[PDB]
Amino acid sequence: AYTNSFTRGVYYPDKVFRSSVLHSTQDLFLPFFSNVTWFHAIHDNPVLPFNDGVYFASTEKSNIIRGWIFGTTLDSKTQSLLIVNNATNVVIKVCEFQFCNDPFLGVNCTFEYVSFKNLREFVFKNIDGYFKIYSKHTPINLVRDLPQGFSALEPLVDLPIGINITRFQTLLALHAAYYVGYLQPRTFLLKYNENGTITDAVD
Amino acid sequence: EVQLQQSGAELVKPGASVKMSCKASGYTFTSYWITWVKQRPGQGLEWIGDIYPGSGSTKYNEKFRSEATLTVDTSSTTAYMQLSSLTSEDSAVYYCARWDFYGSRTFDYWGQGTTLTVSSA
Amino acid sequence: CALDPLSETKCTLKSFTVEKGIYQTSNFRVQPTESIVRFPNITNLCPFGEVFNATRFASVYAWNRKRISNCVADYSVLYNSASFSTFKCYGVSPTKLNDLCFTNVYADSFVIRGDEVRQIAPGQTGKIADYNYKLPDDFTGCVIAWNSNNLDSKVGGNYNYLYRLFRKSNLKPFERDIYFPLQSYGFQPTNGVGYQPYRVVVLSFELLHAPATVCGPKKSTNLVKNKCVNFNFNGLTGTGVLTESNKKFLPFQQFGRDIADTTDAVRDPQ
Amino acid sequence: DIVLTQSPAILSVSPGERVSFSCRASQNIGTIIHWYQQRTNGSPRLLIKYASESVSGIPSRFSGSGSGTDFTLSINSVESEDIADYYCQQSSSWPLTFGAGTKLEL
Amino acid sequence: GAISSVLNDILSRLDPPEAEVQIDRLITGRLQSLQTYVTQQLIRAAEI
Amino acid sequence: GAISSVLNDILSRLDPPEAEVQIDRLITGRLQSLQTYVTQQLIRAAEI
Ligand SMILES: *[C@@H]1O[C@H](CO[C@@H]2O[C@@H](C)[C@@H](O)[C@@H](O)[C@@H]2O)[C@@H](O[C@@H]2O[C@H](CO)[C@@H](O[C@@H]3O[C@H](CO)[C@@H](O)[C@H](O)[C@@H]3O)[C@H](O)[C@H]2NC(C)=O)[C@H](O)[C@H]1NC(C)=O
Ligand SMILES: *[C@@H]1O[C@H](CO)[C@@H](O[C@@H]2O[C@H](CO)[C@@H](O[C@@H]3O[C@H](CO)[C@@H](O)[C@H](O)[C@@H]3O)[C@H](O)[C@H]2NC(C)=O)[C@H](O)[C@H]1NC(C)=O
Ligand SMILES: *[C@@H]1O[C@H](CO)[C@@H](O[C@@H]2O[C@H](CO)[C@@H](O[C@@H]3O[C@H](CO)[C@@H](O)[C@H](O)[C@@H]3O)[C@H](O)[C@H]2NC(C)=O)[C@H](O)[C@H]1NC(C)=O
Ligand SMILES: *[C@@H]1O[C@H](CO)[C@@H](O[C@@H]2O[C@H](CO)[C@@H](O)[C@H](O)[C@H]2NC(C)=O)[C@H](O)[C@H]1NC(C)=O
Ligand SMILES: *[C@@H]1O[C@H](CO)[C@@H](O)[C@H](O)[C@H]1NC(C)=O
């Protein structure tokens, strides 16, 4: 099935505060009203290419989608970000694991870190060897599809893993929607409210 | 055979310096570095400095920036360490050693244990 | 032309006689009173030793990277040091450099022939500038290189060092790739300049405003408010009145900004 | 400068039963680590070539583990023949350093 | 054409022999901008 | 002041770090030409 990317895919383009000003920026965003592929996790995670950037989002009620795999060929020869959420400690690694026939979980390492109701939005782009991650967590109450509304994605982490990425994949926990879009150089007009958060946008 | 021989033993009044020497044998003197170490009875080892016998180069520990000076003679296949202005705190056990910088960076060959006794009287 | 307002008027009109009227002669300015330097109060010295004095560097086909962070990097002991045959800074002046603050400074370390270190440059395409170490166009950062014949050269040839020569399109800057593709070196003490191993370190940093972590060794000073002061926040300089503000910042952003691109609010680094 | 600290100051030991050492440095070294043992005469010999793997010249009774900052040594079976002290040491960046010293005693 | 639109960032990052060329680009651009504005006002003022 | 009045001949003969200076000369000259034309029309339009 496919769905429409209604009002998702706008992130804070830099690290500068602004307020009550309309700012025009040129960067890789997710075009409005585009079609994003909808995958399911009941009764499911093929190859997903990485043309020039990827918008990824998932909606959960039990945190089943738990990770990502990147890289060209995926035989543990190239680095592959790996996230595990063991119900108590956020776990992030970039270890070059060799995965099962189906990469999943069940109910030359270069990093590691330890710290439907919930929609978790991401933006993945690679600029000159920098793997750039933006994220935002938000409450939702909808089982049908992406709720209609606007939210901005601030950056949180930037891992300079220096991979050449042309493909990726998700990781499912077996005893849950996720969406895949692609980014293009769209210019956006960003409306900042008086509190400095992006409140609207025009493609 | 591959082995480093040691100079011997000295009894020296404080103030008088010592020249110390390290007889290399049985290996390619031009392709292995030489490293000098010293320790004291009941205390661990301390590195002083290294020399590349193949071509002139040297690296020194800061705590022995002036007391130790290192030199080598490829023709005799031997290395030398000189200590100046000896003190009672220089009463120490010295080991010459082989260092394979281009190899696994290990101290694969050592001396037989040289004890330097400094006595005021 | 500054004795009194009438003499100033004569100077503006370039005359010794002034007709009746109202004249605009100058501009009123309040001068700054004192200086404010505010840097984060981290004190760990910076581990440049494990980069510059490393026993054996990596080879240029698989050049290394080390993170430099949470350190007060005294770059002076670098620029003061004499061993460096090539300290070249792009987009930053080495003497001024010591006062700035950075958010991600990266050290790249690899060994190449002394002859071709000129190919460590933003353009200057070549066998190593395309397939081995592509340097991005117009960055900010200093390339610091030195002679290593005393250290990394073997009598009879040192062949531990490899550089890739390959038969495809060069991919991207700052990207390492892992007929046969790998060519050995021939480093010999008999070899002079050219075919001579040079150890190379390029410090790449960004010099843009974001929460910083690798600052210079500058002592902080207490900050004074509600009076015209000359302030310095993490290398951001200017003159103005510092007051308490109700602007709600977010953890990833430190600097507010005006329509005309001037700063309008700062976050106190301490 | 790198500082190498060894946690097990003194272990009382009896032959056969398992004993393990560990080395804790101040910062990352990589994997360029060695170990040396000093019999009571004072002559050292190589035991651990690189931090994890035993040198080809040592019996497999000795093994290493950990990388970067946490390093450990395990004894498969201890005996009075193996009465020795182990020094953590690194050679990645100048200056070369040495450990503090850990003792075995009955 | 300069490296930065902020004048202090050139001075705070370059020593003078290099900053002098970078500043000249900002002066030329900003001086031309004023001449454009003033010319527009002189024509508009005549209309009023 | 550039080496050629044709923009493609600079790009077709120089690699970018050199072409960027040569192009800047054409942009400055051509941008000033438009400002001259527009100013002439604004004054002439007022006359009409
Ligand atoms: C890379 O290493 C050099 C050399 O340091 C020396 O050699 C190495 C192989 C190691 O064995 C070091 O332990 C050894 O010191 C460093 O340069 C050195 O910096 C020190 C700073 O303490 C200088 O010490 C001086 O000592 C005199 C007399 O006590 C004082 O007056 C000085 O004020 C200063 O403290 C030393 O002279 C200097 N050596 C040289 C040749 O310049 C270098 O700093 C290091 N790289 C980095 C990034 O740290
Ligand atoms: C990345 O990880 C892979 C595996 O996870 C490792 O590469 C393999 O491991 C060996 C050493 O562990 C690599 O070095 C090779 O060792 C041989 C044996 O001594 C030596 O003759 C060569 O110098 C060779 O490079 C090697 O790349 C690879 N193994 C083989 C058989 O090719 C390694 O830990 C990491 N690096 C690389 C480059 O893979
Ligand atoms: C990342 O890696 C990929 C592959 O690992 C490389 O991109 C391109 O990969 C293809 C694989 O078939 C190479 O073959 C050529 O593809 C082009 C279309 O891309 C086709 O027209 C040719 O006939 C040929 O089949 C291709 O050479 C390769 N491109 C480059 C520039 O190397 C590449 O290594 C990386 N891609 C990036 C960084 O975009
Ligand atoms: C920006 O945030 C501030 C503080 O969070 C808001 O100020 C108050 O917000 C609370 C509820 O959020 C209420 O007391 C009033 O709405 C505000 N009090 C005032 C304005 O005196 C402010 O409303 C926010 N601005 C937005 C959301 O546009
Ligand atoms: C889904 O994508 C198709 C292209 O295959 C497009 O025609 C369609 O309009 C998209 N769906 C929506 C709701 O836009």
* Matching residues, the stretch D:77-95, being over 18 Å from D:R45 (Cβ atoms) and not aromatic (F, W, Y) -> D:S77, D:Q90, D:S92, D:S93, D:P95
* Asked: Of the residues that make up the stretch B:93-114, is at least one of a type in the set (D, E, K, R) and either within 14 Å of chain C (Cβ to nearest Cβ) or over 15 Å from the mean Cα position of the chain (by Cα) (or both)?
  -> yes
* Structure fact -> Across (1) hydrophobic (A, V, I, L, M, F, W, C); (2) away from ligand 2 (no atom under 16 Å from the Cβ); (3) surrounded by 19 or more Cβ atoms within 10 Å (Cβ to Cβ); (4) more than 19 Å from the chain's Cα centre (by Cα), C:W63 clears everything bar (2)
* Asked: Within the set of pairs 6+ apart or on separate chains, which have a first residue in the stretch A:174-203 that is closer than 30 Å to A:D102 by Cα, a second that is surrounded by fewer than 13 Cβ atoms within 10 Å (Cβ to Cβ) and β-branched (V, I, T), and C-beta atoms under 7 Å apart?
  -> A:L174/A:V107; A:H175/A:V107
* Asked: When the residues of the stretch C:166-200 are filtered to those that are within 16 Å of ligand 2 (Cβ to nearest atom) and under 27 Å from the mean Cα position of the chain (by Cα), which remaining residue is surrounded by the most Cβ atoms within 10 Å (Cβ to Cβ)?
  -> C:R176
* Can you name every residue in the stretch C:155-202 that is of a type in the set (K, R) and more than 16 Å from ligand 3 (Cβ to nearest atom)? -> C:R199
* Structure fact -> Among strands (runs of 3 or more DSSP E) entirely inside the stretch A:1-93, those with 1 or more residues being out of contact with any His (no Cβ under 7 Å at 6 or more places or on another chain) and closer than 23 Å to A:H137 by Cβ are A:2-5, A:34-39, A:54-60, A:65-70, A:82-85, A:90-93
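Rundown of residues vs (1) among the basic types (K, R); (2) surrounded by 13 or more Cβ atoms within 10 Å (Cβ to Cβ); (3) within 29 Å of E:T39 (Cα to Cα); (4) under 13 Å from the mean Cα position of the chain (by Cα), yes/no style:
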position: F:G1; (1), (2), (3), (4): no, no, yes, yes
position: F:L11; (1), (2), (3), (4): no, yes, no, no
position: F:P16; (1), (2), (3), (4): no, no, no, no
position: F:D24; (1), (2), (3), (4): no, yes, yes, yes
position: F:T28; (1), (2), (3), (4): no, yes, yes, yes
position: F:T36; (1), (2), (3), (4): no, no, yes, yes
position: F:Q41; (1), (2), (3), (4): no, no, yes, no
* Asked: Conditions: (1) more than 16 Å from ligand 4 (Cβ to nearest atom); (2) within 14 Å of chain C (Cβ to nearest Cβ); (3) buried (at least 16 other Cβ atoms within 10 Å of the Cβ). A:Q169 meets all but one. Number of the miss?
  -> (2)
* Mind listing whichever residues of the stretch C:25-56 are within 14 Å of chain D (Cβ to nearest Cβ) and either of a type in the set (D, E, K, R) or within 16 Å of ligand 4 (Cβ to nearest atom) (or both)? => C:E50, C:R56
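Within the group C:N160, C:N150, which residue is within 16 Å of ligand 2 (Cβ to nearest atom), of a type in the set (S, T, N, Q) and within 14 Å of chain B (Cβ to nearest Cβ)?
When all the criteria are applied, what remains is C:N160.
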* Tell me which residues, restricted to the stretch C:234-261, are closer than 18 Å to C:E34 by Cβ and within 14 Å of chain A (Cβ to nearest Cβ). => C:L236
* Asked: If we scan the stretch B:39-58, do we find a residue that is in contact with a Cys (Cβ under 9 Å, 6 or more places away or on another chain) and either within 14 Å of chain C (Cβ to nearest Cβ) or buried (at least 19 other Cβ atoms within 10 Å of the Cβ) (or both)?
  -> no
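Methodologically, a virtual Cβ is constructed for each residue, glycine included, from the backbone with ideal geometry; neighbour enumeration extends over all protein chains shown. Quick note: the coordinates plus some simple rules give every number you see, no bench work behind them.
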